[PDB]
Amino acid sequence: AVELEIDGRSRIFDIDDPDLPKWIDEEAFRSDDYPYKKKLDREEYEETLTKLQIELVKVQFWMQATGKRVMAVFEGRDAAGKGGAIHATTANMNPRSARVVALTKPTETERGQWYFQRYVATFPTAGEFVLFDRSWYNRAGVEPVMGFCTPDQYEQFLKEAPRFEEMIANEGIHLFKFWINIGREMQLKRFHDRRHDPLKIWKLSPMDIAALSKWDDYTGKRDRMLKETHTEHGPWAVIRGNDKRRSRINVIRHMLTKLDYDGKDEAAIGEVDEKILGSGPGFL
(Lines of atoms letter the chains of each structure in order from A and count residues from 1; the text may use other names and numbers.)
(Lines give C-alpha, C1' and ligand atoms only; values in the text may rest on other atoms or scores of the structure.)
Protein backbone atom coordinates (compact mmCIF):
# COMPACT_ATOMS: atom_id res chain seq x y z
CA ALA A 1 0.00 0.00 0.00
CA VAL A 2 1.02 3.64 -0.68
CA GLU A 3 1.27 6.44 1.95
CA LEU A 4 -0.19 9.62 0.42
CA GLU A 5 -1.23 13.22 1.12
CA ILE A 6 -4.48 14.22 -0.64
CA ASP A 7 -5.11 17.98 -0.23
CA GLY A 8 -3.76 18.20 3.32
CA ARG A 9 -4.79 14.74 4.55
CA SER A 10 -2.57 11.67 4.96
CA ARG A 11 -4.19 8.58 3.38
CA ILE A 12 -3.65 4.77 2.97
CA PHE A 13 -4.13 3.16 -0.50
CA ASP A 14 -3.76 -0.58 -1.20
CA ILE A 15 -4.12 -1.29 -4.97
CA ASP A 16 -3.99 -5.09 -4.48
CA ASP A 17 -7.00 -4.64 -2.19
CA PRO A 18 -10.03 -5.79 -4.24
CA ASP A 19 -12.03 -3.35 -2.10
CA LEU A 20 -11.97 0.32 -2.98
CA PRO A 21 -11.91 2.36 0.25
CA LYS A 22 -14.57 5.03 0.87
CA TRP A 23 -12.45 8.15 0.33
CA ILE A 24 -11.57 7.07 -3.21
CA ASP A 25 -14.94 5.59 -4.31
CA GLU A 26 -17.13 8.48 -3.07
CA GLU A 27 -14.60 11.23 -3.93
CA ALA A 28 -13.33 10.22 -7.41
CA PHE A 29 -16.02 11.82 -9.59
CA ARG A 30 -16.16 15.21 -7.87
CA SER A 31 -12.38 15.36 -7.34
CA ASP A 32 -10.43 18.41 -8.53
CA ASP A 33 -13.60 20.57 -8.54
CA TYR A 34 -15.35 18.64 -11.30
CA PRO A 35 -18.28 20.87 -12.52
CA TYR A 36 -20.93 18.10 -12.62
CA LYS A 37 -22.38 15.87 -9.93
CA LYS A 38 -22.98 12.73 -12.04
CA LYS A 39 -22.12 11.01 -15.33
CA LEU A 40 -23.63 12.01 -18.67
CA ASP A 41 -26.77 10.00 -19.47
CA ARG A 42 -25.52 7.15 -21.61
CA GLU A 43 -28.28 7.03 -24.27
CA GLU A 44 -27.75 10.77 -24.71
CA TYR A 45 -23.94 10.33 -24.85
CA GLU A 46 -24.17 7.50 -27.39
CA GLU A 47 -26.56 9.36 -29.69
CA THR A 48 -24.32 12.46 -29.51
CA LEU A 49 -21.19 10.41 -30.31
CA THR A 50 -22.82 8.78 -33.39
CA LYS A 51 -23.65 12.27 -34.67
CA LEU A 52 -20.09 13.44 -34.01
CA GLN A 53 -18.79 10.34 -35.79
CA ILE A 54 -21.01 10.88 -38.87
CA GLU A 55 -19.42 14.35 -38.92
CA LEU A 56 -15.89 12.77 -38.71
CA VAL A 57 -16.66 10.69 -41.79
CA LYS A 58 -17.49 14.01 -43.56
CA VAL A 59 -14.14 15.31 -42.33
CA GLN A 60 -12.19 12.38 -43.76
CA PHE A 61 -13.91 12.58 -47.18
CA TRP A 62 -13.01 16.30 -47.18
CA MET A 63 -9.46 15.46 -46.07
CA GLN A 64 -9.01 13.08 -48.98
CA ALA A 65 -10.11 15.69 -51.51
CA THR A 66 -8.25 18.77 -50.24
CA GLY A 67 -5.25 16.65 -49.12
CA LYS A 68 -5.67 18.35 -45.70
CA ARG A 69 -3.47 16.90 -42.99
CA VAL A 70 -4.37 16.79 -39.30
CA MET A 71 -2.30 15.76 -36.30
CA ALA A 72 -3.75 15.09 -32.85
CA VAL A 73 -1.77 14.92 -29.61
CA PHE A 74 -3.23 13.55 -26.35
CA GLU A 75 -1.43 14.09 -23.10
CA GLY A 76 -2.52 13.79 -19.46
CA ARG A 77 -1.70 11.97 -16.27
CA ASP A 78 -1.65 8.16 -16.11
CA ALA A 79 -5.23 6.92 -16.73
CA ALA A 80 -6.49 10.38 -17.77
CA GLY A 81 -8.20 8.65 -20.71
CA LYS A 82 -6.10 9.45 -23.78
CA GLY A 83 -6.84 6.06 -25.44
CA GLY A 84 -10.61 6.25 -25.07
CA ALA A 85 -10.59 9.77 -26.54
CA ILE A 86 -8.48 8.35 -29.39
CA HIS A 87 -10.71 5.30 -29.94
CA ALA A 88 -13.83 7.51 -29.81
CA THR A 89 -12.53 9.67 -32.64
CA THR A 90 -11.22 6.79 -34.87
CA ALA A 91 -13.69 3.97 -34.08
CA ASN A 92 -15.74 4.69 -37.21
CA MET A 93 -12.93 6.26 -39.26
CA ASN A 94 -11.05 4.73 -42.15
CA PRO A 95 -7.84 3.28 -40.69
CA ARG A 96 -6.21 3.81 -44.08
CA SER A 97 -6.00 7.58 -43.62
CA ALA A 98 -6.61 7.86 -39.81
CA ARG A 99 -3.72 6.15 -37.99
CA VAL A 100 -2.69 5.86 -34.34
CA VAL A 101 1.03 6.33 -33.52
CA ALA A 102 2.18 4.04 -30.66
CA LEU A 103 5.94 4.60 -30.31
CA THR A 104 7.88 2.46 -27.84
CA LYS A 105 10.70 4.12 -25.81
CA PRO A 106 13.70 5.43 -27.79
CA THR A 107 16.23 2.91 -29.05
CA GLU A 108 19.95 3.54 -28.73
CA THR A 109 20.02 4.94 -32.24
CA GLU A 110 16.97 7.13 -31.56
CA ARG A 111 18.64 8.41 -28.34
CA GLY A 112 21.65 9.91 -30.21
CA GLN A 113 19.34 11.52 -32.77
CA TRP A 114 17.58 14.84 -32.84
CA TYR A 115 14.80 14.20 -30.30
CA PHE A 116 12.14 15.13 -32.86
CA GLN A 117 13.45 12.81 -35.59
CA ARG A 118 11.32 9.76 -34.86
CA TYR A 119 8.18 11.93 -34.53
CA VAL A 120 8.90 13.46 -37.94
CA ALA A 121 8.97 9.90 -39.46
CA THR A 122 5.28 9.48 -38.53
CA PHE A 123 4.15 12.86 -39.91
CA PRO A 124 1.06 12.78 -42.23
CA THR A 125 1.09 12.53 -46.01
CA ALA A 126 -1.71 14.00 -48.19
CA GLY A 127 -5.05 13.40 -46.38
CA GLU A 128 -3.82 11.66 -43.23
CA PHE A 129 -5.29 12.07 -39.72
CA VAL A 130 -2.43 11.07 -37.41
CA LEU A 131 -3.17 10.62 -33.68
CA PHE A 132 -0.60 10.22 -30.94
CA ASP A 133 -0.73 7.85 -27.99
CA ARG A 134 2.52 9.20 -26.65
CA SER A 135 3.85 12.39 -28.30
CA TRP A 136 7.08 14.44 -28.20
CA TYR A 137 5.65 15.76 -24.92
CA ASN A 138 6.98 12.80 -22.91
CA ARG A 139 9.96 15.24 -22.56
CA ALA A 140 7.69 17.73 -20.71
CA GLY A 141 6.02 15.18 -18.42
CA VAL A 142 7.24 11.60 -17.70
CA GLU A 143 10.94 11.93 -18.71
CA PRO A 144 12.12 14.83 -16.48
CA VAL A 145 9.86 13.68 -13.56
CA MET A 146 11.32 10.12 -13.82
CA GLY A 147 14.80 11.44 -14.77
CA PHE A 148 14.72 9.58 -18.12
CA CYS A 149 16.13 12.85 -19.56
CA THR A 150 18.41 15.60 -18.19
CA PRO A 151 17.21 19.04 -16.95
CA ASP A 152 19.03 20.59 -19.97
CA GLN A 153 17.19 18.21 -22.32
CA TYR A 154 13.78 19.00 -20.80
CA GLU A 155 14.70 22.71 -20.90
CA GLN A 156 15.71 22.42 -24.58
CA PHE A 157 12.43 20.61 -25.39
CA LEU A 158 10.36 23.42 -23.87
CA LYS A 159 12.41 25.82 -26.02
CA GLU A 160 12.33 23.65 -29.19
CA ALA A 161 8.73 22.36 -29.16
CA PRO A 162 7.18 25.71 -30.38
CA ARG A 163 9.83 26.12 -33.13
CA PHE A 164 8.90 22.55 -34.08
CA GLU A 165 5.19 23.32 -34.06
CA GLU A 166 5.64 26.59 -35.98
CA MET A 167 7.12 24.40 -38.75
CA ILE A 168 4.07 22.11 -38.62
CA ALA A 169 1.65 25.05 -38.78
CA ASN A 170 3.72 26.70 -41.56
CA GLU A 171 3.52 23.43 -43.50
CA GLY A 172 -0.27 23.65 -43.20
CA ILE A 173 -0.63 20.54 -41.07
CA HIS A 174 -3.35 21.23 -38.43
CA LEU A 175 -2.07 20.23 -34.98
CA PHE A 176 -4.40 19.63 -32.00
CA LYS A 177 -3.02 19.28 -28.52
CA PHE A 178 -5.37 18.01 -25.78
CA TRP A 179 -4.38 17.88 -22.17
CA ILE A 180 -6.80 15.56 -20.35
CA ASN A 181 -7.20 16.30 -16.65
CA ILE A 182 -8.40 14.02 -13.88
CA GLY A 183 -8.61 14.62 -10.14
CA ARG A 184 -6.30 12.67 -7.84
CA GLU A 185 -9.05 10.33 -6.52
CA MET A 186 -10.12 9.44 -10.06
CA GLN A 187 -6.56 8.36 -10.95
CA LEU A 188 -6.54 6.08 -7.92
CA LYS A 189 -9.98 4.62 -8.70
CA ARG A 190 -8.99 4.08 -12.34
CA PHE A 191 -5.63 2.58 -11.34
CA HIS A 192 -7.54 0.24 -9.06
CA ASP A 193 -10.08 -0.61 -11.82
CA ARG A 194 -7.14 -1.64 -14.07
CA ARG A 195 -5.53 -3.78 -11.33
CA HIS A 196 -8.71 -5.79 -10.73
CA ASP A 197 -9.73 -6.26 -14.39
CA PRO A 198 -7.75 -9.09 -16.07
CA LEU A 199 -8.35 -7.27 -19.42
CA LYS A 200 -6.64 -4.03 -18.30
CA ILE A 201 -4.02 -5.28 -15.77
CA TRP A 202 -1.20 -5.10 -18.36
CA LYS A 203 -1.61 -1.29 -18.32
CA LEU A 204 -0.18 -1.14 -14.81
CA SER A 205 3.49 -1.55 -14.00
CA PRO A 206 5.05 -1.24 -10.48
CA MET A 207 6.47 2.13 -11.59
CA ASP A 208 2.98 3.64 -12.11
CA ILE A 209 2.20 2.52 -8.55
CA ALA A 210 5.51 3.88 -7.19
CA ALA A 211 4.74 7.22 -8.91
CA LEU A 212 1.54 7.98 -6.95
CA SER A 213 3.47 10.04 -4.40
CA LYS A 214 4.66 12.25 -7.27
CA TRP A 215 1.33 14.02 -7.93
CA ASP A 216 2.64 17.53 -7.23
CA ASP A 217 5.93 16.67 -8.92
CA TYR A 218 3.69 16.04 -11.97
CA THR A 219 1.43 19.05 -11.24
CA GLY A 220 4.52 21.28 -11.42
CA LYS A 221 5.63 19.86 -14.78
CA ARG A 222 2.12 20.11 -16.22
CA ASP A 223 1.84 23.82 -15.43
CA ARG A 224 5.33 24.67 -16.73
CA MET A 225 4.59 22.93 -20.03
CA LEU A 226 1.15 24.43 -20.75
CA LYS A 227 2.33 28.06 -20.23
CA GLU A 228 5.65 27.48 -21.99
CA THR A 229 4.33 25.45 -24.98
CA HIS A 230 0.93 27.08 -25.62
CA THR A 231 1.59 29.31 -28.63
CA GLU A 232 -0.63 30.71 -31.40
CA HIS A 233 1.04 28.06 -33.60
CA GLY A 234 0.45 25.26 -31.09
CA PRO A 235 -2.44 25.92 -28.76
CA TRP A 236 -3.24 23.56 -25.90
CA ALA A 237 -6.77 22.42 -25.23
CA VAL A 238 -7.32 21.38 -21.62
CA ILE A 239 -10.05 18.87 -20.83
CA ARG A 240 -11.72 18.00 -17.54
CA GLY A 241 -11.61 14.22 -17.85
CA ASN A 242 -13.32 12.84 -14.71
CA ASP A 243 -16.20 11.73 -16.96
CA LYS A 244 -14.82 9.97 -20.11
CA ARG A 245 -18.18 10.46 -21.85
CA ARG A 246 -17.98 14.25 -21.57
CA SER A 247 -14.25 14.19 -22.28
CA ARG A 248 -14.71 12.31 -25.61
CA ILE A 249 -17.62 14.45 -26.84
CA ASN A 250 -15.83 17.75 -26.23
CA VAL A 251 -12.52 16.55 -27.75
CA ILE A 252 -14.38 15.76 -31.00
CA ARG A 253 -16.60 18.86 -30.81
CA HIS A 254 -13.47 20.99 -30.54
CA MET A 255 -11.77 19.43 -33.56
CA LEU A 256 -14.93 19.65 -35.68
CA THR A 257 -15.39 23.35 -34.91
CA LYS A 258 -11.75 24.03 -35.76
CA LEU A 259 -11.67 22.35 -39.17
CA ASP A 260 -13.41 23.96 -42.13
CA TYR A 261 -14.74 20.73 -43.69
CA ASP A 262 -17.25 20.42 -46.54
CA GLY A 263 -20.77 19.35 -45.45
CA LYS A 264 -20.27 20.66 -41.89
CA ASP A 265 -23.58 20.35 -39.99
CA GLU A 266 -23.37 22.85 -37.09
CA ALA A 267 -26.53 21.56 -35.40
CA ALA A 268 -24.97 18.07 -35.25
CA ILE A 269 -21.70 19.30 -33.66
CA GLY A 270 -23.57 21.23 -30.94
CA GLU A 271 -21.82 23.42 -28.37
CA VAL A 272 -18.36 22.77 -27.01
CA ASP A 273 -18.96 22.66 -23.25
CA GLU A 274 -17.21 25.68 -21.66
CA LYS A 275 -17.22 23.84 -18.28
CA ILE A 276 -15.25 20.91 -19.80
CA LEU A 277 -12.96 22.29 -22.53
CA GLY A 278 -10.63 25.23 -21.78
CA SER A 279 -7.47 26.77 -23.21
CA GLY A 280 -3.88 26.62 -21.87
CA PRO A 281 -3.05 28.15 -18.46
CA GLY A 282 -5.79 29.93 -16.42
CA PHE A 283 -8.28 27.08 -16.95
CA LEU A 284 -7.14 24.49 -14.40
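Counting begins at 1, following the sequence as shown.
Two stretches are in play, 141-149 and 68-76, and the higher mean C-alpha B-factor belongs to 141-149.
Averaged over Cα atoms, the B-factor as recorded in the entry is higher for 210-218 than for the other of 210-218 and 78-86. Per the PDB record, residue ranking by Cα B-factor puts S97 in the middle third of the chain. In the deposited entry, the Cα temperature factor of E46 sits in the middle third of values across the chain's modelled residues. Ranked within its chain, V120 lands in the lowest third, by CA B factor from the PDB record. Per the PDB record, residue ranking by Cα B-factor puts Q187 in the lowest third of the chain. For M225, the recorded CA temperature factor ranks within the highest third of the chain's modelled residues.
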